[PDB]
Structure formats: structure tokens, C-alpha cells
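Shown below, as C-alpha cells, is a lone chain in the form deposited without ligand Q5H; questions about how it binds or moves come after it.
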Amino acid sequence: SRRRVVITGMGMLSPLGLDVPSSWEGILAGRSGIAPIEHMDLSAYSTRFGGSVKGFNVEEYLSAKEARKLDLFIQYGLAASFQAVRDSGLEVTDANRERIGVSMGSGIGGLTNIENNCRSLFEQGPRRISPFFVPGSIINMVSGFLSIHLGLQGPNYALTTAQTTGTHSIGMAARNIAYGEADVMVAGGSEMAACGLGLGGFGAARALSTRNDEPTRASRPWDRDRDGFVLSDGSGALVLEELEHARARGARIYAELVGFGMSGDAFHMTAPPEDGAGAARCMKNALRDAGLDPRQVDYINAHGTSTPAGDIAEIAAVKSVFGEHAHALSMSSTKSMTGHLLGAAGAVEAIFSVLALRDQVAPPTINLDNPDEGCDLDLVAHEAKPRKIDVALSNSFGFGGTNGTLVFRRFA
């Protein structure tokens, strides 16, 4: 019968910090992690900035020998996973290793490594492709490498659902625990899409902000002057654990995961429907799964991408789901500060939602100077808002019309 699931550990690399506390300090201070990209020459590109992880030292985690074989998205996902496992205090033993699994996902995976090997193939020949090309690039190898390093023998998989990946990863990992397939899961996502193919491919779709001359103001969810998403890198990981398992070992519990929703839009390969119908279906599924009155929702960490169509679809979905209560809850987009971590967005934002519960504060939507037509909810413009938060919801929406919603609540 369905077990309860709590959060006992969290880990992060983001454009605001090399761990959770440093990132959250930046979130609550309204700080932007966005800057001109330094790691490559983008003069031929329409977008030349994004949210880089600054000063990442892989030798805090892995030998230089192993790090050299692994795409940055794997290095970032292992960094966040190791932080989360250490934060949990959990000791892996022969008695429990078969009951601990991992579900760390990515939207795009090891595009930097694939591009660099493609360069070798075309400039030199196939004999110069790395022997580590496949295991160092493919998306399931955060789960694989974490399992090898920590001895995790539970369910071992990876989701790839574009910008919904981190939220789906955490929800499905929670279902694994709820249904008794595991007692502990490390779940979340990682992304490092800031290579020519990533910036070029999103640039070709004209999906990205082109505010090159003022990168910290580019990400402006629900602002009338928004012009697309800001591409960002990093990772979030959470240790999910069955409630009685956590209680038995005296774990510190940050919050309980009470609800998860999925829905498909079935509308368009890339565009969200203007009325947010799929997002509304998804939230309603999540609230019913959590056994809640929608009026219990205090805080929503929106997807809030800073796209014209995305941001207004989310307002429409929240109004449809919450009715008059839409005007009482607080909703913010932390992408205003972090940018869009794609398959890691739902993972870092789940962590921000749990910290909103721990600290009783709604993170701001920075850059919300002139709310657009109909964007008239409490969007926590400019500055963090201390408030009562018993229930927090984190939404994600992606290409393919794929939607996820997580519902967290205070645990006493």
C-alpha cells in the first residue's frame, strides 16, 4: 500500500552558487547568475550570454583521471548527487544498497562532448573519436556513475522530457518509493547545453532572449518586454526517502513530497496552448494526488521561462485551477535569476520550493518592471516576500507538450 515520501538531502550547482546554501542566498537576495559566456567565442551567435556555473572544481568530487572522460552535464549531476547523499547522512550498507536507486535525468545530455567528437570525426577521422564517447555523453550515465561510486543497486534509470525532466525525475522516483520498489532514491537532473549546437540550435528557433547588452535583465518572466528564455547550466539532486525509513534512522526531514502530476498538452511540438489547459490538467492531477483543497496552496515556483506564450499560459492555468485563491497564493519564477536550466530546471526549482517551506519566504521574480496584460497575480516582483507557506507547488512544461507538477508540504 502507498508509502509516504520525504526529502532528507539536497545538492545543487547553479549560476548562483556551487551548492544549495550559496545558491539560495543569491535567490533570496534577488541576485542574477546571468553573464556573457566566457568559455567559447559567440560573436557569430544571436545570443552570447547565459547562466554558467562559475568556478566549478570537479576535483572536490572526482579524480582528474575520471573527470576527463565525462561530459560536464555528468560532472554536474554527480556533484549535485554527492552533495545530496552527504546532506542526507544516509550510510549505504550491504543491508540497504539493493533498496537505494537513482533517477538523474537530462534534456540534452552530453552535447559538448558530442560536438567535440563530431569536430574530431570531420576534421581528422573516426580514429580520433574518444573511446569514452558513448559512456561519457549518454544521458543515463549520471545514474550509472553515481551507482558505481556509491554502490547503489536499486532501480537505476534516467528520464529525458526536455524542460520537464527534473520534475518528472523527482515525481517518478517518489512513486518508486511510494509503491515499494525502493526505500531511497537520488533524483533530479543536470544540463550543460552551452555549446555551439545548443546556443545555435535554440538561437535558430529564435527561442532565446537576445538582450546581449544587458544579460542580468534578459530573464524577465511576465514582464511586457520579455523576448525569450535564458539558457543556463547546472544540476539539482534530492534524496527522497520513505517516511518510516527516515524516522527509523533519525533523518533530518526538510519537507514531505505529497503530490505529483503529469499530463500531455497534445497541442504543439514546442508552443504551449495560450489557455494553459495541459498545465491546468497537470496541477489538478497533482493536487488530487496530494489529497488537497487547492486553497491550501501558498506558493508556486512557476516554470516562468520568460517566453511570451509560456508565461501567459501559466497565468491562465493558475487562474483556471485556483479561481479566487489565485489572488491569495504567491507565484514566482526563480528563472528570473538562474535562467532556464532545461532538464535541471525542475530539480533546482524543487529544491527552491522545499527551502521556501523551510524558511517561510517566497523567492522574488526579479526584473518584473511592467507586468504584461493579465499578469496581475502576486508574482513576488523584485524582492523576497516572507509569508506563511504550508504547501508549495513546482511546475515544469516542455517540448512535446509534457507537463509535471510537484506538491511539497511542511513535515512536523
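Counting begins at 1, following the sequence as shown.
What follows is about the form solved in complex with ligand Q5H, which we do not show.
In the bound PDB entry, no heavy atom of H327 sits within 4.5 Å of ligand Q5H. Residue contact with ligand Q5H in the bound PDB entry: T305 places a heavy atom within 4.5 Å of it. Contact check for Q163: a non-hydrogen atom falls within 4.5 Å of ligand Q5H in the bound PDB entry. The closest non-hydrogen atom of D265 lies within 4.5 Å of ligand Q5H in the bound PDB entry. Heavy atoms closer than or equal to 4.5 Å to ligand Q5H in the bound PDB entry belong, across 370-405, to the residues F397, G398, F399, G401, ordered by sequence position.
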